[PDB]
file input.tsv (TSV, C-alpha atoms)
chain	number	residue	atom	x	y	z
M	8	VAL	CA	-16.70	3.72	55.78
M	9	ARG	CA	-17.46	5.88	52.73
M	10	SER	CA	-15.67	8.14	50.26
M	11	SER	CA	-16.24	11.83	49.58
M	12	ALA	CA	-15.50	14.33	46.86
M	13	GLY	CA	-12.09	15.94	46.76
M	14	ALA	CA	-10.45	13.09	48.67
M	15	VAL	CA	-7.58	12.34	46.28
M	16	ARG	CA	-6.03	15.71	47.14
M	17	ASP	CA	-6.90	15.33	50.83
M	18	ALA	CA	-4.72	12.24	51.25
M	19	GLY	CA	-1.78	14.03	49.67
M	20	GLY	CA	-0.18	10.81	48.48
M	21	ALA	CA	1.36	10.47	45.04
M	22	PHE	CA	-1.91	10.99	43.18
M	23	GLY	CA	-2.51	14.23	45.06
M	24	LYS	CA	0.78	15.80	44.00
M	25	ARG	CA	0.42	14.39	40.50
M	26	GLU	CA	-3.01	16.00	40.15
M	27	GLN	CA	-1.81	19.30	41.61
M	28	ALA	CA	1.00	19.45	39.06
M	29	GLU	CA	-1.22	18.35	36.16
M	30	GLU	CA	-3.45	21.30	37.06
M	31	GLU	CA	-0.71	23.86	37.67
M	32	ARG	CA	1.18	23.23	34.43
M	33	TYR	CA	-1.98	23.53	32.34
M	34	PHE	CA	-3.10	26.74	34.00
M	35	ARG	CA	0.36	28.29	33.79
M	36	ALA	CA	0.23	27.62	30.05
M	37	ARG	CA	-3.23	29.17	29.73
M	38	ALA	CA	-2.19	32.15	31.86
M	39	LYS	CA	0.76	32.72	29.54
M	40	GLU	CA	-1.52	32.62	26.50
M	41	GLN	CA	-4.02	34.99	28.11
M	42	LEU	CA	-1.26	37.40	29.12
M	43	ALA	CA	0.01	37.45	25.54
M	44	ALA	CA	-3.50	38.23	24.31
M	45	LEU	CA	-3.85	40.94	26.96
M	46	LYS	CA	-0.62	42.58	25.81
M	47	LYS	CA	-1.78	42.43	22.20
M	48	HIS	CA	-5.10	44.05	23.11
M	49	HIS	CA	-3.30	46.72	25.13
M	50	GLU	CA	-1.11	47.64	22.17
M	51	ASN	CA	-3.99	47.52	19.69
M	52	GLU	CA	-6.19	49.78	21.85
M	53	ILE	CA	-3.71	52.60	22.54
M	54	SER	CA	-4.96	54.61	19.55
W	256	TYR	CA	22.47	33.30	84.04
W	257	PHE	CA	23.97	34.45	80.74
W	258	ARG	CA	20.82	36.13	79.47
W	259	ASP	CA	20.37	37.85	82.84
W	260	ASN	CA	23.95	39.17	82.75
W	261	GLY	CA	23.70	40.96	79.42
W	262	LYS	CA	25.27	38.10	77.47
W	263	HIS	CA	23.72	35.87	74.82
W	264	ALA	CA	23.21	32.13	75.17
W	265	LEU	CA	21.98	29.25	73.03
W	266	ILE	CA	20.56	26.08	74.58
W	267	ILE	CA	19.76	22.86	72.75
W	268	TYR	CA	17.57	20.29	74.49
W	269	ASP	CA	18.19	16.95	72.82
W	270	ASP	CA	15.67	15.41	73.04
W	271	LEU	CA	12.62	16.71	74.86
W	272	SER	CA	10.75	13.54	73.88
W	273	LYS	CA	12.99	11.72	76.39
W	274	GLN	CA	12.49	14.23	79.17
W	275	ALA	CA	8.80	13.52	78.68
W	276	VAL	CA	9.43	9.79	79.11
W	277	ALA	CA	11.53	10.32	82.24
W	278	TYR	CA	8.81	12.54	83.70
W	279	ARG	CA	6.21	9.89	82.91
W	280	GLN	CA	8.26	7.25	84.70
W	281	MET	CA	8.65	9.50	87.74
W	282	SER	CA	4.95	10.33	87.83
W	283	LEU	CA	3.89	6.70	87.44
W	284	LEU	CA	6.22	5.58	90.24
W	285	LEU	CA	4.87	8.28	92.56
W	286	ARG	CA	1.45	6.70	91.84
W	287	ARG	CA	0.03	9.86	90.26
W	288	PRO	CA	-2.81	8.84	87.90
W	289	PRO	CA	-1.77	8.52	84.24
W	290	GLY	CA	-3.21	10.48	81.35
W	291	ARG	CA	-3.21	10.07	77.57
W	292	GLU	CA	-0.60	7.59	76.32
W	293	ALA	CA	0.18	7.21	80.05
W	294	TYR	CA	1.84	10.63	80.21
W	295	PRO	CA	0.83	12.65	83.28
W	296	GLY	CA	-1.65	15.46	82.90
W	297	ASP	CA	1.08	18.06	83.49
W	298	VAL	CA	3.09	17.08	80.41
W	299	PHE	CA	2.37	20.25	78.44
W	300	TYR	CA	3.22	22.37	81.48
W	301	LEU	CA	6.49	20.44	81.83
W	302	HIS	CA	7.64	21.86	78.51
W	303	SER	CA	5.80	25.17	78.37
W	304	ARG	CA	7.36	26.35	81.62
W	305	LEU	CA	10.75	25.28	80.23
W	306	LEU	CA	10.65	26.83	76.76
W	307	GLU	CA	9.11	30.05	78.06
W	308	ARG	CA	12.44	30.92	79.70
W	309	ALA	CA	14.07	31.54	76.30
W	310	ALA	CA	13.45	35.28	76.24
W	311	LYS	CA	15.06	38.34	74.65
W	312	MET	CA	15.57	40.87	77.41
W	313	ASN	CA	15.18	44.54	76.60
W	314	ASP	CA	18.05	46.97	77.06
W	315	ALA	CA	16.87	47.90	80.56
W	316	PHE	CA	17.35	44.30	81.74
W	317	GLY	CA	20.83	43.93	80.25
W	318	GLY	CA	19.77	43.19	76.71
W	319	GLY	CA	20.83	39.56	76.98
W	320	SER	CA	19.04	36.74	75.21
W	321	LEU	CA	18.64	32.97	75.38
W	322	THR	CA	17.77	31.09	72.20
W	323	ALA	CA	16.38	27.56	72.47
W	324	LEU	CA	16.46	24.72	69.93
W	325	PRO	CA	14.45	21.83	71.37
W	326	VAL	CA	14.76	18.57	69.45
W	327	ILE	CA	11.73	16.31	69.16
W	328	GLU	CA	11.60	12.84	67.62
W	329	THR	CA	8.47	11.70	65.80
W	330	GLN	CA	7.47	8.12	65.00
W	331	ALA	CA	7.36	7.45	61.25
W	332	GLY	CA	6.69	11.13	60.62
W	333	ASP	CA	3.55	11.13	62.80
W	334	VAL	CA	3.85	14.79	63.72
W	335	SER	CA	0.27	14.43	64.97
W	336	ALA	CA	1.44	12.58	68.09
W	337	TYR	CA	0.99	13.95	71.61
W	338	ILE	CA	4.34	15.44	72.65
W	339	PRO	CA	5.16	16.62	69.10
W	340	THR	CA	1.90	18.58	68.94
W	341	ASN	CA	2.39	20.03	72.42
W	342	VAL	CA	5.87	21.29	71.62
W	343	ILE	CA	4.82	22.52	68.17
W	344	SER	CA	2.13	24.63	69.79
W	345	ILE	CA	4.67	25.86	72.36
W	346	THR	CA	7.55	26.90	70.09
W	347	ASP	CA	7.85	29.76	67.61
W	348	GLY	CA	9.26	28.13	64.50
W	349	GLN	CA	9.86	24.61	63.28
W	350	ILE	CA	12.37	22.77	61.12
W	351	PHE	CA	10.86	19.63	59.61
W	352	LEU	CA	13.40	16.98	58.66
W	353	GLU	CA	12.03	14.17	56.49
W	354	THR	CA	13.52	10.78	55.70
W	355	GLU	CA	12.10	10.86	52.17
W	356	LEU	CA	14.22	13.97	51.63
W	357	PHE	CA	17.20	12.52	53.48
W	358	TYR	CA	17.38	9.54	51.13
W	359	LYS	CA	16.45	11.50	48.00
W	360	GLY	CA	19.80	13.27	48.45
W	361	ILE	CA	18.59	16.49	50.09
W	362	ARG	CA	20.79	16.93	53.17
W	363	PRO	CA	20.02	18.66	55.50
W	364	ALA	CA	16.56	17.23	54.96
W	365	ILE	CA	14.90	20.49	55.98
W	366	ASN	CA	11.42	20.45	54.46
W	367	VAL	CA	11.34	24.09	53.40
W	368	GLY	CA	7.69	23.71	52.43
W	369	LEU	CA	6.52	23.15	56.01
W	370	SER	CA	9.34	24.71	58.02
W	371	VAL	CA	8.23	28.02	59.52
W	372	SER	CA	9.64	30.90	61.56
W	373	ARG	CA	7.33	33.54	63.00
W	374	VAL	CA	10.07	36.17	63.20
W	375	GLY	CA	10.79	35.72	59.50
W	376	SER	CA	11.64	39.14	58.11
W	377	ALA	CA	13.09	40.42	61.37
W	378	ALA	CA	16.27	38.70	62.58
W	379	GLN	CA	17.74	38.47	59.08
W	380	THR	CA	20.66	40.38	57.63
W	381	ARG	CA	19.81	42.81	54.87
W	382	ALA	CA	21.79	40.96	52.19
W	383	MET	CA	20.20	37.64	53.11
A	1	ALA	CA	0.17	4.54	59.72
A	2	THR	CA	-2.36	6.08	62.09
A	3	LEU	CA	-6.12	5.80	61.70
A	4	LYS	CA	-6.52	9.13	59.90
A	5	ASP	CA	-3.77	8.31	57.41
A	6	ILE	CA	-5.46	5.01	56.59
A	7	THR	CA	-8.88	6.65	56.33
A	8	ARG	CA	-7.68	9.31	53.91
A	9	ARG	CA	-5.81	6.76	51.80
A	10	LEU	CA	-8.85	4.47	51.68
A	11	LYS	CA	-11.15	7.30	50.60
A	12	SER	CA	-8.72	8.37	47.87
A	13	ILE	CA	-8.42	4.85	46.47
A	14	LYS	CA	-12.21	4.45	46.50
A	15	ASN	CA	-12.57	7.63	44.45
A	16	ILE	CA	-9.90	6.41	42.04
A	17	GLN	CA	-11.70	3.11	41.57
A	18	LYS	CA	-15.00	4.86	40.88
A	19	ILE	CA	-13.35	7.07	38.27
A	20	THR	CA	-11.63	4.16	36.53
A	21	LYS	CA	-14.89	2.20	36.35
A	22	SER	CA	-16.64	5.16	34.75
A	23	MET	CA	-13.81	5.58	32.26
A	24	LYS	CA	-13.92	1.89	31.36
A	25	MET	CA	-17.62	2.25	30.56
A	26	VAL	CA	-17.01	5.35	28.43
A	27	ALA	CA	-14.14	3.67	26.58
A	28	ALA	CA	-16.27	0.60	25.92
A	29	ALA	CA	-19.03	2.71	24.36
A	30	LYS	CA	-16.53	4.59	22.21
A	31	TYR	CA	-14.99	1.25	21.21
A	32	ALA	CA	-18.31	-0.15	20.06
A	33	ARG	CA	-18.86	2.94	17.93
A	34	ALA	CA	-15.30	2.76	16.58
A	35	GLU	CA	-15.67	-0.86	15.47
A	36	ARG	CA	-18.98	-0.06	13.81
A	37	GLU	CA	-17.32	2.76	11.87
A	38	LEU	CA	-14.20	0.67	11.20
A	39	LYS	CA	-15.82	-2.04	9.14
A	40	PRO	CA	-16.63	0.12	6.07
A	41	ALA	CA	-13.36	2.00	6.40
A	42	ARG	CA	-11.64	-1.39	6.50
A	43	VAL	CA	-13.07	-2.36	3.12
A	44	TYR	CA	-12.37	1.11	1.72
A	45	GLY	CA	-8.72	1.18	2.79
A	46	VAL	CA	-8.07	-2.39	1.69
A	47	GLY	CA	-9.45	-1.49	-1.72
A	48	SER	CA	-7.24	1.59	-1.87
A	49	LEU	CA	-4.22	-0.62	-1.17
A	50	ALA	CA	-5.36	-3.17	-3.78
A	51	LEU	CA	-3.30	-1.71	-6.62
A	52	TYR	CA	0.16	-1.87	-5.07
A	53	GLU	CA	-0.14	-5.48	-3.91
A	54	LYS	CA	-1.66	-6.43	-7.27
A	55	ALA	CA	1.00	-4.64	-9.35
call {"tool": "encode", "arguments": {"input": "input.tsv", "output": "structure tokens"}}
result
Amino acid sequence: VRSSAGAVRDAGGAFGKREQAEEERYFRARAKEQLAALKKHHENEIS
Amino acid sequence: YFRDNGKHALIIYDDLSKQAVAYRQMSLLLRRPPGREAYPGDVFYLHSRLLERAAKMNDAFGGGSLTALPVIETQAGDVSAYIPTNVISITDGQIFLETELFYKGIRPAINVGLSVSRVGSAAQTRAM
Amino acid sequence: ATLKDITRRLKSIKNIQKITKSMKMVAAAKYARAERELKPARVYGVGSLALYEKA
């Protein structure tokens, strides 16, 4: 019996949900930052 | 009878996992060869022919309807068992109750993440 | 649980063990480097504290 890549999130135990959340929070933060930058660029490029 | 006479009915089989056991006992005592987990071969049919009678007649046939709410019982959440999977592939929607949610304080334990309903949009009031 | 539950759990724990071993090795290397860099900084900081404990 072996182990394969992407198995922690295949089991779906506690580590799977923990990893999913650790990813989602970080990328929500980065999406917020990128959206702020996109708004700034929009405003600065109207003229 | 009700759905054929223009009225509406709701039926609640509780459980179907025990009708399956009674059918297995009958079939084993008639000497019919067993199948998987000792259930007869015709154990899907047993339920499919039963849950297919919950129809919604058009207005030409009275307009009556018969909703069905079969109740299955899994073993330690093993939805992957035999009768659970049969009935899940027979029915339209599902309502997953989980003990981890029951004890965590969420009652009814409905697992909204997995619970499904094919009709969805339709069959819902506009405010809801 | 069933066989598939056990198989998935076993695979996940094996991955976790591999990762923790790798991280132990990385941390050990960084520790060796940190001690090496800590000796001179130890003498430097102790000297800088010298005054207050002397006066």
call {"tool": "interface_residues", "arguments": {"input": "input.tsv", "of": "chain A", "to": "chain W", "cutoff": "12 Å", "atoms": "all atoms listed in the file", "output": "compact mmCIF listing (two decimals) with C-alpha atoms, in the frame of the given file"}}
result
# COMPACT_ATOMS: atom_id res chain seq x y z
CA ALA A 1 0.17 4.54 59.72
CA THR A 2 -2.36 6.08 62.09
CA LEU A 3 -6.12 5.80 61.70
CA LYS A 4 -6.52 9.13 59.90
CA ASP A 5 -3.77 8.31 57.41
call {"tool": "residues_around", "arguments": {"input": "input.tsv", "residues": "region 20-28 of chain M", "least_positions_apart": "5", "cutoff": "9 Å", "atoms": "all atoms listed in the file", "output": "tab-separated table (two decimals) with C-alpha atoms, in the frame of the given file"}}
result
chain	number	residue	atom	x	y	z
M	14	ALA	CA	-10.45	13.09	48.67
M	15	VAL	CA	-7.58	12.34	46.28
M	33	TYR	CA	-1.98	23.53	32.34
A	9	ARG	CA	-5.81	6.76	51.80
A	12	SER	CA	-8.72	8.37	47.87
call {"tool": "closest_atom_pairs", "arguments": {"input": "input.tsv", "of": "chain M", "to": "chain A", "cutoff": "8 Å", "atoms": "all atoms listed in the file", "output": "CSV"}}
result
residue,atom,partner,partner_atom,distance
M:9,CA,A:11,CA,6.8
M:10,CA,A:11,CA,4.6
M:11,CA,A:11,CA,6.9
M:12,CA,A:15,CA,7.7
M:14,CA,A:12,CA,5.1
M:15,CA,A:12,CA,4.4
M:16,CA,A:12,CA,7.9
M:17,CA,A:8,CA,6.8
M:18,CA,A:8,CA,4.9
M:20,CA,A:9,CA,7.7
call {"tool": "axis_aligned_box", "arguments": {"input": "input.tsv", "around": "region 35-48 of chain M", "padding_each_side": "3 Å", "output": "lines of an AutoDock Vina configuration file"}}
result
center_x = -2.2
center_y = 35.8
center_z = 28.0
size_x = 11.9
size_y = 22.4
size_z = 17.6
call {"tool": "atom_distance", "arguments": {"input": "input.tsv", "atom1": "CA of residue 31 (chain A)", "atom2": "CA of residue 17 (chain A)"}}
result
20.7 Å
call {"tool": "atom_distance", "arguments": {"input": "input.tsv", "atom1": "CA of residue 303 (chain W)", "atom2": "CA of residue 344 (chain W)"}}
result
9.3 Å
call {"tool": "atom_distance", "arguments": {"input": "input.tsv", "atom1": "CA of residue 356 (chain W)", "atom2": "CA of residue 266 (chain W)"}}
result
26.7 Å
call {"tool": "residues_near_point", "arguments": {"input": "input.tsv", "point": "(14.0, 16.2, 80.2)", "cutoff": "12 Å", "atoms": "only C-alpha atoms", "output": "CSV table (one decimal) with C-alpha atoms, in the coordinates of the input"}}
result
chain,number,residue,atom,x,y,z
W,267,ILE,CA,19.8,22.9,72.8
W,268,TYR,CA,17.6,20.3,74.5
W,269,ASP,CA,18.2,17.0,72.8
W,270,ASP,CA,15.7,15.4,73.0
W,271,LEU,CA,12.6,16.7,74.9
W,272,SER,CA,10.8,13.5,73.9
W,273,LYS,CA,13.0,11.7,76.4
W,274,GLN,CA,12.5,14.2,79.2
W,275,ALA,CA,8.8,13.5,78.7
W,276,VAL,CA,9.4,9.8,79.1
W,277,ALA,CA,11.5,10.3,82.2
W,278,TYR,CA,8.8,12.5,83.7
W,279,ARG,CA,6.2,9.9,82.9
W,280,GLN,CA,8.3,7.2,84.7
W,281,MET,CA,8.6,9.5,87.7
W,298,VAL,CA,3.1,17.1,80.4
W,301,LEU,CA,6.5,20.4,81.8
W,302,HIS,CA,7.6,21.9,78.5
W,305,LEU,CA,10.8,25.3,80.2
W,306,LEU,CA,10.6,26.8,76.8
W,325,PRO,CA,14.4,21.8,71.4
W,326,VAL,CA,14.8,18.6,69.4
W,327,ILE,CA,11.7,16.3,69.2
